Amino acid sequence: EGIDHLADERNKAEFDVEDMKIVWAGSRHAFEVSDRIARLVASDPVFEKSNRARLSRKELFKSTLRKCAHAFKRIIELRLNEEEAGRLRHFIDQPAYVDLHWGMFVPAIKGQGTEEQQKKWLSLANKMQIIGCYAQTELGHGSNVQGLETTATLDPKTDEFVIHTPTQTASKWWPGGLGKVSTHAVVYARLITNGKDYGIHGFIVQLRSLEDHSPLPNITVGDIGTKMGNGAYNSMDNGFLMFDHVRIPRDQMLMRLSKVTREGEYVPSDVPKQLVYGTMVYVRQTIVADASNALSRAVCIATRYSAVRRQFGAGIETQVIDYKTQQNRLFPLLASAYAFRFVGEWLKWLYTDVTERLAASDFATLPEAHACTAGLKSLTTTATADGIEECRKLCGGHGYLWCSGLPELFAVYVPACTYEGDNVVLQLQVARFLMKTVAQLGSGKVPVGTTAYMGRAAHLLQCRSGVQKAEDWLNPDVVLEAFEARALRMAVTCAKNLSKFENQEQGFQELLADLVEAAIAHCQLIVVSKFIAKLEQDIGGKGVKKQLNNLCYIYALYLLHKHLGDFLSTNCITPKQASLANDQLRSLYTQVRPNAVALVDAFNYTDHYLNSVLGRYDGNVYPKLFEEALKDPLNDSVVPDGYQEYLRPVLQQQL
């Protein structure tokens, strides 16, 4: 019928959801564009995906190709701009070769290719005259790109590069859109010329004929197999690729940063390689933004279902969302979704700054921008992945059904923790940055940026919190001092133990676990500080900033409790004060409780996008669960196929 059975929950909102929608979107323009394209996608039959778990691999892949072709057509017929086109693909919500073509193939050519190469290849790529992928990872090397085995040797006699896969472990493995779609690809391999290896470089290589799509000579290509989850990435043709002395023109090597003349000499271009932040600053900011998007979808579903599902506490039973355990599990995730959203905005400013930095030839803040962004990507993706699975558990047994929308969300998102850098490896980079920074404590150098709080090491290392009552934990200065002292203490303790070993790189390895935790503490401090900073801005809407303030401190006090041991080790926070922080946290859960549903409605997700029976906008769950069950292929017949051969003989006692 469409009647909203959560209207009573929404009426509890102490703020206008419409205003919060703008805050979440980031601006009115962003909201309007996304909302329009979203409705557009939802109203198009070709983009349906509620039966995505009832199709075979082949059928799922073909259906994906169809959606992509249809999307391209709609973009042209509707004359959608870049922004709208990007939102269209976003709401189609189905991993496809197109994501890598536009997301890695093109960008790789723009930043690593010469102007002429860009003119030629970008012209073909932008008009879909060719389809490319990013072939970097191999069977034996993913995170350690410097260890790639694929080789590219120049042939002075033919002025061509010989691309070869020395061993089976040198085979490309994982590239999206490589398995069956891409006609071309940017292949990364060891550059070899004049009998010398000059490291990893990118080379454009045609994989398939543009006439029959058949693999070119000496090219071995295919899909790597089924991946985790029903649907999810299985719509993507992640593939492998091997070269048997494949030849490509010399000028097919991306030569913006370095080039190889006809003579075969390697010549590092005069371009500042420090401008390679197009693959590790903006890209990671989108990853951090994607985390808020993924987490918000999961929290939206779990919040609505928690307000619908009643169990125990009876006549009528209590809504599970009323239970403090449900809140202590769900509300921190709702706070994290907003926290990551805002930290994602700050990362947009950092990009505009780092870009502003590579202008005046200032590379003084690059080291911090690298570790900061790397640590944030690791922190948010990890927290988001865990939160999505937790949201599934918060839905009890029904969350185990695919139609709940949670199982596939986790499966499709989890790769974020590995691609573009293993989460642990990335945090080790932050640990190295923090150790190099602490090594400056007492040197006289004034640390700036996210490490500026290290200048107050004198006070932070010997502090004592002035907290005397629960409400004191709502003071930004009190919370910030707590997190800074915690992070500093942890980093200083690591540095001190690191000087207790003879070999520096040895002690580092021996303490990797402690180093990662110190790095995480630093990253959480950053997220907490950016949420507080966001609250200083002018946010319109009655009661809006009050709810954001509630979420800000729920996030901070939740992490305080989760990592209580770190704070208590610093002795700048006592157990009594920790207990008071816990009382404040509980009080914050109660204040947010009535605003819960409206806070996820602010995400403005359509039922089509959420693709969840439990998280339906109208709260009409149970009837929809039954409706979906009937659609399962196992219900195509009353008596199962296999009854006569494998059941009746048993029941009838005939073996």
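In case it trips you up, residue 1 is the first one in the sequence shown, and so on.
The modelled chain is continuous from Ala513 to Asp514, with every intervening residue of the deposited sequence accounted for. Comparing 453 to 461 with 379 to 387, the stretch with the higher mean C-alpha B-factor in the PDB entry is 453 to 461.
Checked against the record, the higher mean CA B factor of 558 to 566 and 431 to 439 lies with 431 to 439.
Taking the PDB entry at face value, the top CA B factor among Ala521, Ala289, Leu347, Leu474 belongs to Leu347. The top Cα temperature factor in the record, among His608, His70, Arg52, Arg586, falls on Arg52. Per the deposited record, the Cα B-factor of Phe363 falls in the highest third when ranked against the other modelled residues of its chain. Among the modelled residues of its chain, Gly540 has a C-alpha B-factor that falls in the highest third according to the deposited record. When the CA B factors of the chain's modelled residues are split into thirds, the value for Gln591 lands in the lowest one. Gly222 sits in the lowest third of its chain by CA B factor, as recorded in the PDB entry. Ranked by C-alpha B-factor against the other modelled residues of its chain, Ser27 falls in the highest third.
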